[PDB]
Protein chains: 2
Amino acid sequence: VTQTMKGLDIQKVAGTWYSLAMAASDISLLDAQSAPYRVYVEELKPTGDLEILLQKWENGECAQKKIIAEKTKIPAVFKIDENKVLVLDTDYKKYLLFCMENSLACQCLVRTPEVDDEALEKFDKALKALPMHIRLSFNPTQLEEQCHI
Amino acid sequence: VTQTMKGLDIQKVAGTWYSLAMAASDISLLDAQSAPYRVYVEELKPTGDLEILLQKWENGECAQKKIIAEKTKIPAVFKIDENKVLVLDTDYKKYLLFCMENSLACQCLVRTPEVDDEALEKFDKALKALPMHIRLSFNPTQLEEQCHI
Ligand SMILES: CCCCCCCCCCCCCCCC(=O)O
Ligand SMILES: CCCCCCCCCCCCCCCC(=O)O
């Protein structure tokens with residue numbers, strides 16, 4: 001991944017996000033509800049490390065989860081306990097494109113449970129470079145459900 | 001779906017095809033190997049009805065399958081025993097875009113086990129109109145395996 005947000009102010013990504021679309025390099029990273037990269041972002045809490053609240057389906061349950069992405073020399077790049085989180089683009093107010101890699105998955109996050117075509121076309125343009133083999137998107141009804149059910 | 005091949009000569013789609021990419025309106029139509037619209041086209045045999053040889057994963061097996069799409073008043077539209085098959089576009093030599101609907105799934109077929117970007121971008125342009133929520137694509141290795149394993 002060769003796209004990163006110049007001048008990312010991590011404080012300003014704080015609060016509520018919705019996983020509107022997801023893509024991955026391999027189908028099995030996203031194909032089932034229990035697929036490894038099938039994580040739904042709930043809330044981003046910058047400490048300047050980054051606390052992520054996400055939902056994730058495990059052994060027949062939607063589980064609420066709290067993880068820390070440690071900051072790096074680069075403001076737009078964080079690490080996870082192996083896995084690099086890259087923030088590609090964000091306008092802070094409406095959307096945020098990020099990828100994670102050790103296997104590569106990218107997401108289009110939005111502030112509100114709505115379908116944002118402006119954001120999805122930025123997401124699409126940003127995956128054109130990447131070797132993605134699965135893409136998903138969720139309707140507003142699924143954005144309000146635990147684990148996008 | 002509002003895109004159909006003008007002047008389709010069905011005889012000329014005869015022979016060998018590879019399911020290079022697939023999209024569907026609902027994730028559960030494509031997400032597992034046993035998902036309903038997760039069918040891999042092997043061979044198209046026009047009689048002028050259309051005989052399809054496809055592969056389909058059922059109860060832990062890749063099953064070879066033979067079905068008939070009955071012709072309609074419209075050359076580019078066929079029916080299946082409920083389900084409409086629409087041929088959107090084909091150059092006969094390299095690629096063929098088709099959709100099926102009762103739930104909507106579209107595929108980008110190619111003559112050879114290779115990744116055709118020209119064809120995938122035509123596929124992408126053709127799904128821009130459609131309310132797709134899952135897309136898959138397969139590498140050349142998977143195109144040569146039973147059920148794209
Ligand atoms: C801008 C920051 C975006 C947020 C990035 C979220 C990435 C977190 C995903 C990491 C996967 C860890 C999930 C739990 C581990 C597991 O169940 O195996
Ligand atoms: C240009 C023609 C393209 C070929 C169209 C192929 C569509 C066939 C898919 C129909 C699904 C039927 C599969 C078996 C039925 C089942 O297992 O439920």
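Could you tell me which numbered condition residue B:123 fails, if it satisfies all but one of (1) closer than 21 Å to residue A:24 by Cα; (2) among the hydrophobic types (A, V, I, L, M, F, W, C); (3) within 10 Å of ligand 2 (Cβ to nearest atom)?
(3)
What pairs can you find where one residue is in region B:22-33 and at the interface with chain A (Cβ under 10 Å from one of its Cβ atoms), the other is assigned to a loop (DSSP other than H, G, I, E, B) and basic (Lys, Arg), and their Cβ atoms are less than 6 Å apart, with a gap of 6+ or different chains?
Partner pairs satisfying both residue conditions: B:30/B:38.
Taking residue A:1, is it more than 14 Å from chain B (Cβ to nearest Cβ), more than 12 Å from ligand 1 (Cβ to nearest atom) and either of a type outside the set (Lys, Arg) or assigned to a loop (DSSP other than H, G, I, E, B) (or both)?
yes
Could you identify the single residue in B:8, B:29 that is closer than 25 Å to residue A:134 by Cβ, surrounded by 14 or more Cβ atoms within 10 Å (Cβ to Cβ) and in contact with a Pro (Cβ under 8 Å, 6 or more places away or on another chain)?
Only one candidate passes the filter, namely B:29.
Residue under question is residue A:20, and the condition is that it be away from ligand 1 (no atom under 12 Å from the Cβ) and assigned to a strand (DSSP E or B); does it hold?
In short, yes.
Among the numbered criteria (1) outside any strand (DSSP E or B); (2) within 11 Å of ligand 1 (Cβ to nearest atom), which single criterion is violated by residue A:55?
The one condition residue A:55 does not meet is (1).
Quick one: residue A:132 ticks every box in (1) at positive phi; (2) within 14 Å of chain B (Cβ to nearest Cβ) bar one, so which box is it?
Every listed condition holds for residue A:132 apart from (1).
How many of the residues in region B:93-119 are part of a loop (DSSP other than H, G, I, E, B) and of a type in the set (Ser, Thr, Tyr)?
2
I'd like the full set of residues that are buried (at least 17 other Cβ atoms within 10 Å of the Cβ) and not polar (S, T, N, Q), limited to region B:47-76.
Result: B:50, B:52, B:54, B:56, B:57, B:69, B:76.
Could you list, in sequence order, all residues of region A:39-52 that are within 21 Å of residue A:20 (Cβ to Cβ) and either assigned to a loop (DSSP other than H, G, I, E, B) or within 9 Å of ligand 1 (Cβ to nearest atom) (or both)?
A:39, A:41, A:44, A:50, A:52
Conditions (1) in contact with a strand residue (DSSP E or B) (Cβ under 8 Å, 6 or more places away or on another chain); (2) within 16 Å of ligand 2 (Cβ to nearest atom); (3) more than 28 Å from residue B:123 (Cα to Cα), marked per residue:
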{"residue": "A:34", "(1), (2), (3)": "yes, no, yes"}
{"residue": "A:38", "(1), (2), (3)": "yes, no, no"}
{"residue": "A:66", "(1), (2), (3)": "yes, no, yes"}
{"residue": "A:74", "(1), (2), (3)": "no, no, yes"}
{"residue": "A:82", "(1), (2), (3)": "no, no, yes"}
{"residue": "A:98", "(1), (2), (3)": "yes, no, no"}
{"residue": "A:110", "(1), (2), (3)": "yes, no, no"}
{"residue": "A:131", "(1), (2), (3)": "yes, no, no"}
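Residues of region A:94-129 being touching a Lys or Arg at 6+ places or on another chain (Cβ under 8 Å) and within 11 Å of another protein chain (Cβ to nearest Cβ), which ones?
A:127, the sole residue that qualifies.
Only one residue in B:122, B:73, B:65 is in a helix (DSSP H, G or I) and either closer than 23 Å to residue A:137 by Cβ or not polar (S, T, N, Q) (or both), so which one is that?
Of the residues listed, the single one that is in a helix (DSSP H, G or I) and either closer than 23 Å to residue A:137 by Cβ or not polar (S, T, N, Q) (or both) is B:122.
Read-outs throughout are calculated quantities, based only on the coordinates presented, and are distinct from any laboratory measurement. Counting neighbours? That spans all protein chains shown, and the Cβs are built from the backbone with ideal geometry, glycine included.
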